[PDB]
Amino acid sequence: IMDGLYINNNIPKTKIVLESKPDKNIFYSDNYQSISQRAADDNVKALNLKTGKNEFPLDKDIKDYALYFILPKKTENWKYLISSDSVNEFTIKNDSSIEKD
């Protein structure tokens, strides 16, 4: 169990949204309001990141997720499609940039 989601967070009060089995078009269209309106869907999960290291498991029975970063601020790379068969690592830097490592 190496595969998963690993986030090194340097910006306090940052949040993520994970959506399982996402529609890729909707994903590319999405902005902050559109994904916000889906917070209540069964397949959508908002989480508050702690400062420093965060790890979340990804269900291997689901291939694909959409991951969205919600800073407390705007960043270029705020959204990614990630697979559960992979080690997905990210760092939210002090300057608010997000590196996928």
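Start at 1 and count along the sequence shown; that's the residue number.
- Coordinates are lacking for 1 to 3 deposited residues between residue 72 and residue 73.
- Taking the PDB entry as given, 73 to 81 carries the higher mean Cα B factor of the two stretches 8 to 16 and 73 to 81.
- Look at the C-alpha B-factors of 23 to 31 and of 53 to 61. On average they run higher in 53 to 61.
- Ranked within its chain, residue 44 lands in the middle third, by CA B factor from the PDB record.
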